[PDB]
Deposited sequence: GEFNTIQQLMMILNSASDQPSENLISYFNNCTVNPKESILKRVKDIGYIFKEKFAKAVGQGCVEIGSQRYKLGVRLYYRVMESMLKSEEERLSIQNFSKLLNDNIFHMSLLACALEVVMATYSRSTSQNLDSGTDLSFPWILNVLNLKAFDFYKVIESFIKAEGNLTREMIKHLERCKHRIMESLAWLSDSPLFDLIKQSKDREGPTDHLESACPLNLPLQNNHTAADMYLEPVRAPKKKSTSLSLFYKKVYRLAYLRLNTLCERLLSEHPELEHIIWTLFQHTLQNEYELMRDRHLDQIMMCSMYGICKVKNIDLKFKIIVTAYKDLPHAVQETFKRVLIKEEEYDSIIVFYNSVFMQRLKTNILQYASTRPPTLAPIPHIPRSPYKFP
């Protein structure tokens, strides 16, 4: 609420201190920013009215712009001490950065006055999910006045990217994988020419997420053999690392479910899919469609079992059978607290 009243009384264009920073740039970007704001405003108002039968669409967008500008300033204030004069100015003239900061401010506004739910704004601004991921944490950390529910929303936005949206085809994440600290500005200053801080942070966070979800379902379902959780994590984590094609257009929680059934299957452990798959519904934001509609190949979808036997097993039979031999694979590290 407080932030929402700083914005209503605030201004639709940059503070003077924010312009101080524009005056610290070699290529004064301010011209480019104002143009970006207006051209985006045009596309935003269209797609806005296009879905809800302007007046509201214009006012949503201006609050975002006030939030966009407030956070940029705060963000630039940390980045003074971190970036060279050259990197500072490259940031302020970087399209994908500014697109992502504004898209994140706008999502805040949209979801406060809340389907139009995320990722609508990323389809509005044609902004790749993986690009947007780079801004979220630094955004939360640059706006001390986000409410709890709202932080929860950005984090939910963040987690859906980690679990699916970054794994969509044509998503740049796959281009970054093939070639194989951590502020939003660091990740946007990455070039598009051939190690990626962006990929390293994403995979690191994904592993902590993916494991914590594994841990929950393993304690409920594998308390009879607490020995299986670390083995299942090994299959899961090996799969995310070296068989990353399996995640393409699929869901992190789908790979988690196959791994637990797979490991229990080669351990001759009686734990059927539906026994765990019913337990997955009891995860916080879980959906039934996650195990009811699973991609096989060329746009053909089916249950998770059809995915298990017809795609998952076909691709991992060589790895999975090592876990029951006299020379099982070495166990993968647990992601750090």
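- When the deposited sequence is numbered from 1, the segments without any C-alpha atom are 1-6, 60-62, 124-134, 201-222, 237-239, 383-390.
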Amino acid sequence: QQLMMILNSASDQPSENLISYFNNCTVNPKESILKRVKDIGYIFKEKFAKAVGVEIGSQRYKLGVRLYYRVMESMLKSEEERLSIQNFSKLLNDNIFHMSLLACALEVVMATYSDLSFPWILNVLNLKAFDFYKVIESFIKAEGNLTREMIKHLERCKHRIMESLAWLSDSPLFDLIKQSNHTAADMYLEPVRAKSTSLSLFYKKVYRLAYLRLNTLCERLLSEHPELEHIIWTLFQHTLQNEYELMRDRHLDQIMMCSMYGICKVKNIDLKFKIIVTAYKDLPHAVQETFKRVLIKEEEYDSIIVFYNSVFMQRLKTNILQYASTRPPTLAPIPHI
From here on, numbers count along this sequence of modelled residues.
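- In this entry, 218-226 shows the higher mean Cα temperature factor of the pair 88-96 and 218-226.
- Taking the mean C-alpha B-factor of each stretch as recorded, 228-236 and 261-269 are not equal, and the higher mean is that of 261-269.
- Compared with the other modelled residues of the chain, the Cα B-factor recorded for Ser117 ranks in the highest third.
- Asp170: CA B factor lies in the highest third for its chain, per the PDB record.
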